[PDB]
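Report on one structure; see the data block that follows.
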Amino acid sequence: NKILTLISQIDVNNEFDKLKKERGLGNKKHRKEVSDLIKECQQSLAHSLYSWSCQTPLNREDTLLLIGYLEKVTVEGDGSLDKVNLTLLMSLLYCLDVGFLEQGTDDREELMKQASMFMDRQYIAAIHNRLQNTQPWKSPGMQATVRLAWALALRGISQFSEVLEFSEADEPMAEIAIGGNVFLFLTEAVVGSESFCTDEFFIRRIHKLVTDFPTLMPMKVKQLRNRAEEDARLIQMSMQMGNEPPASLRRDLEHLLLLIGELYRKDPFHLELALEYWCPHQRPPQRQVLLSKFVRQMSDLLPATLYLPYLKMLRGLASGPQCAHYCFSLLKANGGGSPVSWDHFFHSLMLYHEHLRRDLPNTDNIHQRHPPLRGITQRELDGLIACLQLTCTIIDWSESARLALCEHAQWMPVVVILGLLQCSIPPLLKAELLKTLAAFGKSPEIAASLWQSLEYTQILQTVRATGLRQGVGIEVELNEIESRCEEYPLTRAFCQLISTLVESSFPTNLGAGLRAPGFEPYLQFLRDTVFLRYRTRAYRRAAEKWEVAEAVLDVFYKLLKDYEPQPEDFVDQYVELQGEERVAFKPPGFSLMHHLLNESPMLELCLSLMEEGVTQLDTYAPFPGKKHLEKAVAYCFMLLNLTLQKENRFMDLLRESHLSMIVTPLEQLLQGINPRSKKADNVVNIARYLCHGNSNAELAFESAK
Amino acid sequence: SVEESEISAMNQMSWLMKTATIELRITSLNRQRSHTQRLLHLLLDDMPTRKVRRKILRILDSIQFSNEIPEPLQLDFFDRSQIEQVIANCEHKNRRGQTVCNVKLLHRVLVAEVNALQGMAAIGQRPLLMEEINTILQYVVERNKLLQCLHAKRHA
Amino acid sequence: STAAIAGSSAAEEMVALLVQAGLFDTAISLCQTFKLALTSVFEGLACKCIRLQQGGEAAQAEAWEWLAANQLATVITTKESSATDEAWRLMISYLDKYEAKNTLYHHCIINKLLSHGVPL
Amino acid sequence: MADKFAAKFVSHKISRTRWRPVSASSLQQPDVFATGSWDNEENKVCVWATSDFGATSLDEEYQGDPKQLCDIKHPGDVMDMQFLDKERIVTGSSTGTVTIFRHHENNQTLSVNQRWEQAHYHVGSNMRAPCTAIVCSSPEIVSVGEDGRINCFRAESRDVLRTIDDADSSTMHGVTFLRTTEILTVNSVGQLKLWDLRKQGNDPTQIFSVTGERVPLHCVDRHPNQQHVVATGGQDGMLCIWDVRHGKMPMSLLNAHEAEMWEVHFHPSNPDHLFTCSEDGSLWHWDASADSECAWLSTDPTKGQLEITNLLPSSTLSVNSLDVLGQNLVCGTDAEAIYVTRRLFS
């Protein structure tokens with residue numbers, strides 16, 4: 001009573017109506033500190049109940065109080081239980097949690113005597129009556145979910161002793177729960193919380209709740225599966241004759257497949273829990289066999305409507321390396337025709353590649369019309385994307401799968417993918433293709449061959465051909481297509497690719513005969529384009545603006561950090577290209593560094609980015625992109641730091657090499673007054689980052705340094 | 001009693017020394033008797049009040065002017081006298097005037113010695129050489145630690 | 001690990017993973033049985049020779065493991081040479097011996113070579 | 001603010017001014033510009049420097065008058081001028097000729113590199129009828145004229161690659177690239193016209209116009225980063241902002257000048273700044289950055305206070321051209337004067 005009441009009421013009310021009104025909390029700092037202390041207090045109190053529930057089971061009156069509170073709950077309209085509410089919820093989950101009854105420990109009788117929700121017929125009746133009420137909670141989903149858990153419990157209690165009257169009530173309860181599409185609320189509202197990412201015991205409990213359903217009542221589960229598949233097929237086919245699908249459709253299986261995909265998608269604990277999806281210690285536990293049968297049974301005669309949810313399910317199930325390998329192989333062999341096979345994936349890509357190339361217009365032909373470009377339908381597009389994402393996830397976690405897929409003689413994935421990239425499709429598909437390439441590139445030699453292939457394919461136009469000039473590549477797509485759409489997926493993916501490739505080598509001689517060596521062009525491109533933009537180019541999504549900046553600066557940073565110079569660098573040569581001597585291409589970083597020791601905008605821009613970072617951080621407001629900014633600014637400061645050392649060095653060498661290049665000390669650059677500011681606020685700002693030492697310590701350290 | 005870094009404990013003590021020294025000097029040059037009184041009184045009265053060795057003598061007792069010496073290096077494939085010469089050589093003078101290879105010479109010097117020892121045919125004997133270089137490393141490390149501890153004690 | 005993945009392998013995933021980690025004999029054998037003409041072994045060995053000639057210390061320490069996993073039919077006759085010369089000698093050997101009527105040969109080699117820098 | 005510019009007096013009307021393009025990799029500020037003269041049987045193209053080749057002091061107030069480096073006499077009256085690259089200057093002539101000049105920096109000379117003496121002409125009569133505007137995208141050149149024609153050239157081709165005959169029954173005054181194969185033109189009847197070079201048809205792809213307004217368009221510029229945002233100026237002194245994807249009407253109509261607006265330019269590297277000059281003798285700097293410390297497409301009068309500054313002294317002479325590069329601005333006038341500042345934002 002006291003506990004909950006206190007915590008909740010106090011905190012919320014007080015803050016919202018006195019402190020959010022009067023703002024005694026004053027400084028953008030004081031307000032935050034007070035806000036944090038209040039939020040901490042709420043969280044510590046919620047945790048206290050949670051920690052208790054994890055130990056002590058709850059008495060009849062205390063449990064009813066907890067249920068009474070949860071009946072009124074708003075998951076924030078934002079669609080995420082805030083760090084506090086999520087915790088209250090998992091606490092209730094543990095209260096109810098009956099998972100300790102399934103662990104074969106010689107202490108079962110003692111533990112049964114200690115669990116308050118064990119010896120009181122009135123406990124089960126009271127909870128059951130409350131959850132059966134069509135007074136749902138403030139959140140019908142709440143009534144639906146707890147109901148279902150109590151129902152799985154009822155289902156087991158038959159085995160323990162002879163408690164099997166309430167077994168009947170489980171099917172209707174499960175139906176009500178499914179009708180409340182609990183599968184949707186758990187997916188959007190619970191895991192929606194990024195704080196769910198934190199508690200290992202949240203994941204375990206929900207894992208037990210999800211694994212207990214197919215283990216304790218699979219008969220019902222199967223009934224429902226088959227029912228759904230069939231109904232779907234029927235109505236769909238009926239409409240296909242000429243009608244539109246009935247508005248009364250409900251794809252809980254798809255929601256179920258997405259739920260499985262989202263639940264294992266990312267685990268903070270990283271305990272490789274997904275292992276439950278794989279059956280090779282244990283002589284295969286019966287549970288593992290049944291689940292594996294579930295995964296295989298769902299792949300047999302897959303309706304077109306379940307194709308996407310199934311892939312998403314597989315995608316979620318291939319986390320945790322062991323799991324990677326196992327599901328990998330499983331599916332590979334299952335395809336050994338099921339719409340989900342390597343033959344279907346690569347044949348489909350090949351067909352699209354052949355179809356899209358034939359629609360090409362001959363230069364000799366004047367006015368050419370396609371038999372109407374079969375712009376890959378949106379559904380087909382979503383399907384291809386889902387397939388590539390699944391491929392990317394599998395190859396990211398399994399090195400064996402990555403090598404096996406790349407060396408396959410019939411699929412030739414790298415050739416096909418690079419071929420498709422030379423075709424035309426809406427930017428999202430291109431982005432996914434690049435991600436898939438990035439996943440293939442986490443393996444060293446493939447990278448060497450890939451650099452050569454990229455130079456030949458002139459995805460990025462290295463040397464202008466037939467007066468190509470502007471566009472004719474990613475540069476035209478960026479300026480004409482992405483800039484109009486005010487979204488930049490292609491640019492980001494390209495930066496990611498470059499970043500990954502630079503990690504495996506700043507490679508070397510990238511193309512004789514064509515240009516004249518050097519990683520020079522890519523650099524120019526990157527730099528110019530993206531920085532300019534980073535400043536001015538519309539962004540439908542305000543967060544995208546900072547993502548583009550982050551991606552480019554990441555590359556700059558790696559090029560300057562990777563560079564080391566030994567006397568040959570300041571010696572420079574002029575290569576004869578098409579009858580004109582051109583200074584060749586010094587390393588990435590000779591160039592990077594020359595540009596930092598003078599006030600080329602880079603610096604300015606770097607200094608401006610730092611100023612912007614501190615101004616935004618001083619607002620303490622929760623804007624989106626705050627983290628990204630942190631990372632970027634960190635990158636910036638690190639750049640700066642290395643710079644001084646290597647600075648002494650180069651200056652020195654520079655003085656020895658008699659190069660007419662004038663460089664200025666980094667400290668002198670720091671001293672210089674900003675032109676827009678018209679004062680020496682350069683230093684001032686840096687500092688200000690020390691004020692955020694609690695909030696951002698990394699930045700703090702770098703600053704002090 | 002920073003046994004951890006007898007070095008640290010020693011440095012602590014040193015700085016404290018210089019400090020309290022100039023302190024008392026000037027306080028007395030002035031005339032502040034009570035101050036000076038309490039100070040020296042305490043510092044010297046090993047006599048038990050309300051044989052308790054005087055604190056100045058206790059401080060001297062805590063400084064051991066005798067230190068242990070490293071097990072002689074043993075080489076199966078390798079000359080000892082040569083390794084001692086190499087240890088003597090690459091032990092460059094630290095800022096305190098101690099001859100120490102420090103991470104520098106150690107790491108790079110050890111890699112150079114391994115490169116010099118060519119063992120082509122008998123690949124089979126490799127694990128041995130590996131274990132052996134490890135001990136050499138341990139020893140040079142101990143020696144350097146010791147030299148450092150020593151300059152510290154000197155200044156203390 | 002790949003122990004488990006060998007539990008469902010294939011006639012060329014194997015060849016590749018193994019040409020991967022040194023073992024330049026076991027694989028010339030797996031190939032000559034399942035007759036599948038092997039230029040990936042010679043290109044990969046040429047890549048290891050190039051990386052060694054431009055390799056760091058750590059690369060020299062790791063190289064003794066894959067060099068020992070072969071003999072080198074017969075070793076030596078005089079002045080020593082820090083690997084380097086080691087893999088180039090396994091060359092002359094795994095070439096002149098295992099050689100073919102057509103071109104698993106000069107061409108594939110000259111190519112990976114001008115490909116990554118080399119006065120031949 | 002009048003003390004920021006040194007004014008040089010020369011006996012030559014100034015119509016066009018352009019900065020020499022700097023390499024994006026250069027930390028060097030723009031230092032060289034070109035000018036075209038008009039109002040004469042024979043006019044000249046001049047090249048100018050703002051810095052003395054040799055002052056290494058970072059701390060001396062720029063009181064430097066711009067120095068003429070070289071000139072060349074051009075037949076007819078100069079109309080428009082652009083740099084194609086660092087060595088090549090393109091001109092449109094009142095004779096309807098398009099000319100490429102080559103600048104030989106080592107010898108400080110100009111030479112005729114190529115010419116199209118029949119770029120612009122009236123169909124049928126064959127009388128001279130002026131090349132009014134040009135746009136360059138190396139190696140491609142587009143010209144427009146009083147004959148209503150659009151010509152496409154390539155710098156290395158002696159022949160005209162494409163002519164769109166009778167593209168406009170009215171004089172075209174301005175042309176810009178929308179995309180690599182698409183251009184926009186403006187004409188004496190208040191129309192903005194979009195067009196694709198690749199398309200065989202001479203008809204425009206789209207036509208935009210103010211409803212109930214006949215007013216002719218004198219200038220057009222494209223936002224550097226946002227290929228759909230366009231500014232235009234008219235005989236009424238109005239600044240019009242367009243989104244060429246949204247409707248056929250301007251997004252904004254802004255009262256800018258009292259008389260005809262001759263030029264509008266976005267700042268090439270800091271496009272939150274825009275510059276305009278008029279027959280009323282004024283030269284305005286527009287700053288859209290003032291709320292941050294596309295802003296031009298803000299329809300919210302409460303978000304984006306434009307700061308507006310007249311840069312010239314009151315009742316100033318006709319300002320026929322401006323160009324802006326980094327901290328530097330140059331402009332040319334009918335007062336036989338070139339104005340230069342090197343500290344625009346100081």
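Residue names in the structure tokens use chain letters A, B, ... in the order shown, residue numbers from 1 in each chain, and ligand numbers from 1 in the order shown.
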(message) I need the residues of region 37-263 of chain A that end up classed as alpha helix (DSSP H) by DSSP on the backbone, written out as an MDAnalysis selection string.
(response) chainID A and resid 37:55 60:70 83:96 108:114 121:132 140:157 170:179 182:185 200:216 218:242 252:263
(message) Using only C-alpha atoms, which protein or nucleic acid residues come within 12 Å of residue 25 (chain B)? Drop anything in the same chain fewer than 6 positions from it, and give the result as JSON, numbers by chain.
(response) {"B": [18, 19, 31, 32, 33, 35, 36, 39, 40]}
(request) Rank A:404, A:295, A:258, A:617 by their smallest atom-to-atom distance to chain C, using only C-alpha atoms, and report the top residue only. (result) A:404
(request) Go through region 199-296 of chain D and collect every residue that DSSP, computed from the backbone, puts in strand (DSSP E); the answer should be as a PyMOL selection string. (result) chain D and resi 206-209+217-222+229-234+238-243+252-255+261-266+273-278+283-287
Counting only C-alpha atoms, what are the residues of chain D within 9 Å of chain A, and for each of them which pair of atoms is the nearest and at what distance in Å, to one decimal? Sort the table by chain and rising number, as CSV.
residue,atom,partner,partner_atom,distance
D:24,CA,A:528,CA,7.4
D:25,CA,A:595,CA,8.0
D:26,CA,A:600,CA,7.7
D:27,CA,A:600,CA,5.0
D:28,CA,A:600,CA,8.4
D:137,CA,A:469,CA,8.1
D:138,CA,A:469,CA,6.9
D:139,CA,A:467,CA,6.7
D:140,CA,A:467,CA,8.9
D:179,CA,A:480,CA,7.3
D:180,CA,A:470,CA,7.5
D:199,CA,A:367,CA,8.5
D:200,CA,A:367,CA,8.4
D:225,CA,A:537,CA,5.5
D:226,CA,A:537,CA,6.2
D:227,CA,A:480,CA,7.1
D:228,CA,A:484,CA,7.2
D:269,CA,A:532,CA,8.2
D:270,CA,A:536,CA,8.6
D:271,CA,A:536,CA,7.9
D:272,CA,A:536,CA,8.4
D:294,CA,A:538,CA,6.1
D:345,CA,A:676,CA,7.3
D:346,CA,A:675,CA,7.3
(request) Could you list the residues in chain A lying within 9 Å of chain C, using only C-alpha atoms, and format the result as number ranges by chain? (result) A: 322, 325-326, 329, 333, 400-401, 403-405, 407-409, 445, 508-509
Export C-alpha atoms of the chosen residues as a compact mmCIF listing (two decimals), in the first residue's frame?
# COMPACT_ATOMS: atom_id res chain seq x y z
CA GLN A 322 25.87 -21.17 -32.62
CA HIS A 325 25.31 -21.76 -37.90
CA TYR A 326 22.52 -24.11 -36.99
CA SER A 329 22.41 -25.05 -42.24
CA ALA A 333 19.20 -28.07 -46.42
CA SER A 400 31.15 -20.56 -42.25
CA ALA A 401 27.88 -19.45 -43.81
CA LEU A 403 32.34 -18.19 -46.98
CA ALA A 404 29.95 -21.04 -48.10
CA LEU A 405 27.50 -18.60 -49.69
CA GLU A 407 32.05 -19.56 -52.96
CA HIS A 408 28.87 -21.20 -54.31
CA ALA A 409 29.49 -21.71 -58.12
CA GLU A 445 40.54 -11.54 -48.89
CA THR A 508 46.59 -0.24 -52.54
CA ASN A 509 47.06 0.49 -56.19
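Using only C-alpha atoms for every distance, the candidate list A:505, A:190, A:529, A:653 yields A:505 as the residue closest to residue 563 (chain A).
In this structure, the chain C residues at most 12 Å away from chain B are residues 56, 57, 58, 60, 61, 63, 64, 65, 66, 67, 68, 69, 70, 71, 72, 73, 74, 75, 76, 77, 78, 79, 80, 81, 82, 83, 85 and 86 of chain C, with only C-alpha atoms considered.
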